[PDB]
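Below is one structure, written out as structure tokens; the observations come after it.
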Amino acid sequence: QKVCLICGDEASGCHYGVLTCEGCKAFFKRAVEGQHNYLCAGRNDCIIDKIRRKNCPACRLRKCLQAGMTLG
Amino acid sequence: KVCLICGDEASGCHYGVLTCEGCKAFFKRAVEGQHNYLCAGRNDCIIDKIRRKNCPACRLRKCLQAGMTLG
DNA sequence: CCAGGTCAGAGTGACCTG
DNA sequence: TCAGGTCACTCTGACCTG
Ligand SMILES: [Zn+2]
Ligand SMILES: [Zn+2]
Ligand SMILES: [Zn+2]
Ligand SMILES: [Zn+2]
């Protein structure tokens, strides 16, 4: 049973360099290529799991970057 | 003049409190429908116009602390 | 003025293809 | 293998109706 390194949910394989779920795969794609302005409502250390990963795109993207995800 | 929940421009007194259209609609949906709202922070998230969508749990909390109710 | 109703848009992710 | 495409779904709030 493989686990997403960002939200801890079931992973479907390695995406963009890192073992991730379908959600975090598609999110990282949109986040990097889009012109988004994410701002954490907390302290830039939010819990990112299956239920709360929608809550803070800022911390979700930060975890993607710190885990080493790259489009190429 | 200003929403007591997110600080945005308020449109009037809703459900007991001076709120914007967003926080009005949000509160009704939060108390009637079934929601699994859950804070990813420390239950003290900043609720302003830019970030009010980020944490429904804290947004609902501030609505209740302000005294909003449907009846 | 306020409660209740509504729908189009943004964000999401399950599913498919090669 | 994994990158790219897609679309029905949830949440939201500016706008409408009574
Ligand atoms: Zn994930
Ligand atoms: Zn955060
Ligand atoms: Zn508000
Ligand atoms: Zn919160």
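To find a chain, count down the sequence lines: A is the first, B the second, and so on, and within it residues start at 1.
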What I'd like to find out is whether the side chain of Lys49(B) reaches to under 4.5 Å of the side chain of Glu9(B), using heavy atoms alone. no
Can you check whether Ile6(A) reaches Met69(A) side chain to side chain, under 4.5 Å on heavy atoms? yes
Audit row: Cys20(B), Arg52(B), side chain to side chain contact (heavy atoms under 4.5 Å, CB included) steps and yes/no: CA-CA 12 Å; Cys20(B) 60; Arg52(B) 59 186 179 190; 3.3 Å; yes
May I have the distance from [X] (atom [atom1]) to [N] (atom [atom2]), rounded to whole angstrom?
| X | N | atom1 | atom2 | result |
| --- | --- | --- | --- | --- |
| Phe26(B) | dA14(D) | CZ | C1' | 17 Å |
| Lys29(A) | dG11(C) | NZ | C1' | 16 Å |
| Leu18(B) | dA3(C) | CG | P | 12 Å |
| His15(A) | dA14(C) | NE2 | P | 11 Å |
| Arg59(B) | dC11(D) | CZ | P | 13 Å |
| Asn54(B) | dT12(D) | CG | P | 11 Å |
| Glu32(B) | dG4(C) | CD | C1' | 9 Å |
| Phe27(B) | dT12(D) | CZ | P | 14 Å |

Kindly say if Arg30(A) contacts the phosphate of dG11(C), meaning a side-chain N or O under 4.0 Å from OP1 or OP2. no
Is there a side-chain contact between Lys54(A) and the phosphate of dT10(D), meaning an N or O under 4.0 Å from OP1 or OP2? no
Pair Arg43(A) + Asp44(B), salt bridge at N-O below 4.0 Å: yes
Base paired to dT1(D) (Watson-Crick or G-U; both N/O distances under 3.5 angstrom): none
Could you let me know what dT10(D) is paired to, Watson-Crick or G-U wobble, both distances under 3.5 Å, or none if it's on its own? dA10(C)
Proximity to DNA chain D (any heavy atom under 4.0 Å), residues of residues 36-52 of chain B only: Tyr37(B), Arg52(B)
Is the positively charged end of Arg60(A) above the ring of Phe27(A), judged by distance under 6.0 angstrom from the centroid and angle within 45° of the axis? yes
Please check: side-chain N/O of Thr70(A) versus main-chain N/O of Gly72(A), any donor-acceptor pairing under 3.5 Å? no
At under 4.0 Å between heavy atoms, what does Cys13(B) touch on the DNA or RNA strands: base, sugar-phosphate, or nothing? sugar-phosphate
Using a cut-off of 6.0 Å, state whether more than 12 heavy atoms not belonging to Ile51(A) lie near its atom CD1. no
Below 3.5 Å, does any donor atom in the side chain of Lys24(B) face an acceptor in the base of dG4(C), or the other way round? yes
Side chain of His35(B): nearest nucleotide among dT12(C), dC11(D), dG4(C)? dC11(D)
